[PDB]
Amino acid sequence: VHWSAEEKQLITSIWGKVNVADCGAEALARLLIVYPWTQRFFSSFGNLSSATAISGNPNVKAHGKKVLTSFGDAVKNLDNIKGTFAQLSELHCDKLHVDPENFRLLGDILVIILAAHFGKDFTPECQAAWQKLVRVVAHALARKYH
Amino acid sequence: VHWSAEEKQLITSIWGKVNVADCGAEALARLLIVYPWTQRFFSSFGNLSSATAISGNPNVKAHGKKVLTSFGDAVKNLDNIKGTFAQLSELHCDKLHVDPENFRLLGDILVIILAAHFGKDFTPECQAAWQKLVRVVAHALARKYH
Amino acid sequence: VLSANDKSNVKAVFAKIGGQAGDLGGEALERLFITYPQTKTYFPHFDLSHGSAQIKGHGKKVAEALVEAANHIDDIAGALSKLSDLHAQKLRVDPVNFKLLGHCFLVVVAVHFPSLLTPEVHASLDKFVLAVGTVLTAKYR
Amino acid sequence: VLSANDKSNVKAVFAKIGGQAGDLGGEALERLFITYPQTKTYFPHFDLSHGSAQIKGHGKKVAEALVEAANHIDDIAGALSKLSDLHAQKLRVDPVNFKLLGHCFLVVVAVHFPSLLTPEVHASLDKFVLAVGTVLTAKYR
Ligand code: HEM
Ligand code: HEM
Ligand code: HEM
Ligand code: HEM
C-alpha cells in the first residue's frame, strides 16, 4: 500500500515499453493453456481446443489487449488501485465467480511474459517491483468478500 | 464486511458454548500435526515429535487457549476486526513471516473442531456463518501487504 | 504419501461410515452450496433448495467414489478413471473446488463420528481426500 | 501428470540449459530472496548480499537436482530421495515456498532462453517444477 521511490520509476521505465497488443494475447493465450480449467469462462470465445487456436482466436486476441490495458490503469494511478478496479472487483466476483487464486495465477503469467520480452533489462529488483504490482492489482479485484 | 442479522446471533449462540481451554489445545494440537511444516515456528515450545506430545505439551496447551481467546475478540466486536487484530496483523507478518495460507489453514482446523464439539447443533448455515468468520479474522491478519 | 497407518486409519473410518452415504455423502454437498454458493455455478441443471432429490442422490454418488477410492488405496487413479476426465477435461472444475468439498466431507464425519476422527485420523483423512482430488485433477496438473 | 511430450519438452529445454547452472540455477535464488525476502529466514547461516559465494554456489546445486530430476522423468521421488526429507522433515519448508522457487526458475529461463519457452513449453516446465516440489514435500502431504 506504500510505494518506495525507485519502484514507481521502475514499473514505468518498463511499462511504456510494453506492446499492449502483443503481450496482450500472450498473457491470455498462456493462461488458457497452462491453466485450462480457466477456459470455462471463455466458452463464448469460440474454438479453444488447441494451443494453435488458443494462441490464434480473434476474441482471445482482443480480450488480451483489454486485460493488459487494465494494468496501465494500475501504473499511471499508483495510489488508487482501490478506485480503479473497484468495478472490476465486482465483475470478477458477483458476476462470474473467479477464485482469487486465478488472478494471482494470471499475475505470474504476466510477470513471466515481460521477463521474456525484455530479457536482461528486466532485473531481480524490477521483478521485485512488478510481482508486487501484480499482488495489488490482484488484490484490488479480491475485495467483494475481503 | 457486512453482517446479516441471523449470522451475528448464530456465531454467538454457539460462541459462548465454547470451552476456550479445551478447544484451545485442540485447534493447535491439530494444526501442528496435520500441517507439520508449521511446528517450525514453535521450536521454542519443547518436544513436539509425536501426536501424544503435540496433544500434550504445556506450552502448546496454553498458547491454544490464547489463540482461541483471540476469536472471542472477533465475536463480541463484529464490525471492527480491522482494529482488533491490527497489532496481530503485524506480529503474524513482520516478526515471524507466516504465509497467509497457514491462517486459512488454522481457520479450517477451527471450523472442524466445533463441528465435533457441537454435533448436529452446528448446522450448514451455522457453518456458512463461521467459515465466513474464519475468512475475516483470517484476513484481518492478512494486511501488512494486502 | 499414504503409508500403511494412513491407508489403515482411512480404512478404520470407512469401516464405520459404511452405514450411511445418501445420509453422509449427501450432507457434505448441502454444506458445500451453503458455505460456497459459487460452486452452485456447476449445477444449473440441478435444484439446490434445502432437501431436494438431486443433492440427496448425487450426494449418495460422491460418497461411493470416496468409498470405492478407499477400497483401492494403492491405485486410485485407475479406481477413478472416468471421473478424473469428466471433472478435468469436460466440466473443467477449478482445482480449489476439491479442498472445499474434501473439507466439507471432513465436517460431516466430525459431525456424526466424533471419537473416531482424532488428530492423527484427521491427518490421514486429509491426505486422502486431499489426494482423491489430485487424482481427479490429474488431466490438468 | 507428465505425458511423453511433457517429458520431452522438459527434455528439449534441459538440453539447451545444460550450458549454465551456477549461472542460471544461481540467478533464480537472487530472484527469490529479492522478490520474497521472507524466504531469507531459512538461511541465517548464509550471506544474501548481491553476489556472494553462497547464492552462486548453493545456486549451482539447485539446478543440478532439477537437471538430475529431469534425467529421471519417470521416477523422480527416488531421484530426489535425500532432498525430500532434508526439506520436509528437517528444515520443514512451507509448501508454497516451492511454487515461488519453481516460478523463479521459470523467469530465469524466460530471461535467457525466450524462443524455447513457448506457451506449451511453459505448461510442461510448470507441471515439472510444480511436481518437483511435490516430490520434495512428499513426507508431509
Ligand atoms: C487479475 C488480473 C485481471 C485483470 C486486470 C482483468 C481485467 C479485465 C478487463 C479489463 C475486462 C474487460 C471488461 C469490459 O471491458 O467490459 C475483464 C473481463 C473479464 N475477465 Fe478479467 N481480469 C483479470 C483476471 C481475470 C481472471 C483470473 C479471469 C478468469 C480466470 C478473468 C476472466 C474474465 C472474463 C471471462 C471477462 C469478461 C469478458 C467477456 O465478456 O467474455 N479475468 N477483466
Ligand atoms: C489465523 C488465526 C490466528 C490467530 C487468531 C492467532 C492469534 C495469536 C495470539 C492471540 C497470539 C498471542 C500473542 C501474545 O499474547 O503475545 C499469537 C502469537 C503467535 N502466533 Fe498466532 N494466530 C493465528 C494464526 C497463526 C498461524 C497460522 C501461525 C503459524 C503458522 C501462528 C503462530 C504464532 C506464533 C509462533 C506466536 C507467538 C507465540 C510465541 O511466542 O511462541 N499463529 N497469535
Ligand atoms: C471428493 C471429490 C469428488 C468426488 C469423489 C466426486 C464424485 C463425483 C461422482 C461420483 C460423479 C458422478 C459421475 C456420473 O454419474 O456421471 C460426479 C459428477 C460431478 N461432479 Fe463431482 N466429485 C468430486 C469433486 C467435485 C467438485 C470439487 C465439484 C465442483 C464443485 C464437482 C462437481 C461435479 C459435477 C458438476 C458433476 C456432474 C453432475 C451431473 O452432470 O449430473 N465434483 N462427481
Ligand atoms: C525446485 C525446488 C528445490 C530444489 C531442486 C532444491 C534443491 C536443493 C539442494 C540440491 C540442496 C542441497 C542439499 C545439500 O547439499 O545438503 C538444498 C538444500 C536446501 N534448500 Fe532447497 N531446493 C528446492 C526448494 C527449496 C525451497 C522452496 C526452499 C525454501 C525457500 C529451500 C531451501 C533450502 C535450504 C535452507 C537448504 C539447506 C542449505 C544448507 O543448509 O546448506 N529449497 N535444496
# chains A, B, ... in the order shown; residues from 1 in each chain; ligands from 1
$ interface_residues --of "chain D" --to "chain B" --cutoff "12 Å" --atoms "only C-alpha atoms" --output "count of residues only"
23
$ interface_residues --of "chain C" --to "chain D" --cutoff "12 Å" --atoms "only C-alpha atoms" --output "VMD selection string"
chain C and resid 1 to 3 6 77 84 123 to 131 134 to 141
$ write_last_selection --atoms "C-alpha atoms" --output "tab-separated table (two decimals), in the first residue's frame"
chain	number	residue	atom	x	y	z
C	1	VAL	CA	2.08	-40.02	0.51
C	2	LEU	CA	-0.05	-42.58	2.37
C	3	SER	CA	1.81	-45.12	4.48
C	6	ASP	CA	-2.58	-43.65	6.74
C	77	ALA	CA	-6.05	-43.08	-10.37
C	84	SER	CA	-10.93	-37.60	-13.43
C	123	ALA	CA	-4.37	-36.03	9.13
C	124	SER	CA	-4.89	-39.34	7.30
C	125	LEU	CA	-8.39	-38.43	6.18
C	126	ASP	CA	-6.96	-35.11	4.98
C	127	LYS	CA	-4.08	-36.63	2.99
C	128	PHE	CA	-6.74	-38.99	1.45
C	129	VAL	CA	-9.48	-36.64	0.27
C	130	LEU	CA	-6.62	-34.23	-0.48
C	131	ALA	CA	-5.20	-36.83	-2.85
C	134	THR	CA	-5.35	-34.74	-7.09
C	135	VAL	CA	-6.29	-37.89	-8.97
C	136	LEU	CA	-9.38	-36.05	-10.22
C	137	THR	CA	-7.33	-33.09	-11.50
C	138	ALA	CA	-4.68	-35.44	-12.97
C	139	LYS	CA	-5.58	-34.35	-16.52
C	140	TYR	CA	-4.69	-30.66	-15.93
C	141	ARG	CA	-1.74	-30.87	-13.42
$ residues_near_ligand --ligand "ligand 1" --cutoff "10 Å" --atoms "only C-alpha atoms and all ligand atoms" --output "PyMOL selection string"
(chain A and resi 28+31-32+35-45+59-60+63-74+85+87-89+91-93+95-108+110+134-142) or (chain C and resi 94)
$ atom_distance --atom1 "atom CA of residue 30 of chain A" --atom2 "atom CA of residue 47 of chain A"
15.6 Å
$ atom_distance --atom1 "atom CA of residue 11 of chain B" --atom2 "atom CA of residue 121 of chain C"
27.2 Å
$ interface_residues --of "chain B" --to "chain A" --cutoff "7 Å" --atoms "only C-alpha atoms" --output "number ranges by chain"
B: 1, 139, 145-146
$ write_last_selection --atoms "C-alpha atoms" --output "PDB file, in the first residue's frame"
ATOM      1  CA  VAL B   1     -17.515  -6.778   5.640  1.00  0.00           C
ATOM      2  CA  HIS B 139      -7.962 -11.624   6.684  1.00  0.00           C
ATOM      3  CA  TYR B 145       0.990  -6.306   2.480  1.00  0.00           C
ATOM      4  CA  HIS B 146      -2.633  -6.554   1.351  1.00  0.00           C
TER       5      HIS B 146
END
$ residues_around --residues "residue 66 of chain D" --least-positions-apart "6" --cutoff "12 Å" --atoms "only C-alpha atoms" --output "list in words"
residues 10, 11, 13, 14, 17, 18, 21, 24, 25, 59, 60, 72, 73, 76, 79, 80, 83, 101, 102, 105, 125, 128, 129, 130, 131, 132, 133, 135 and 136 of chain D
$ select_by_dssp --residues "chain B" --states "alpha helix (DSSP H)" --output "ChimeraX atom specification"
/B:5-12,22-34,51-56,58-69,72-75,81-84,87-90,100-117,124-141
$ atom_distance --atom1 "atom CA of residue 120 of chain A" --atom2 "atom CA of residue 4 of chain A"
22.5 Å
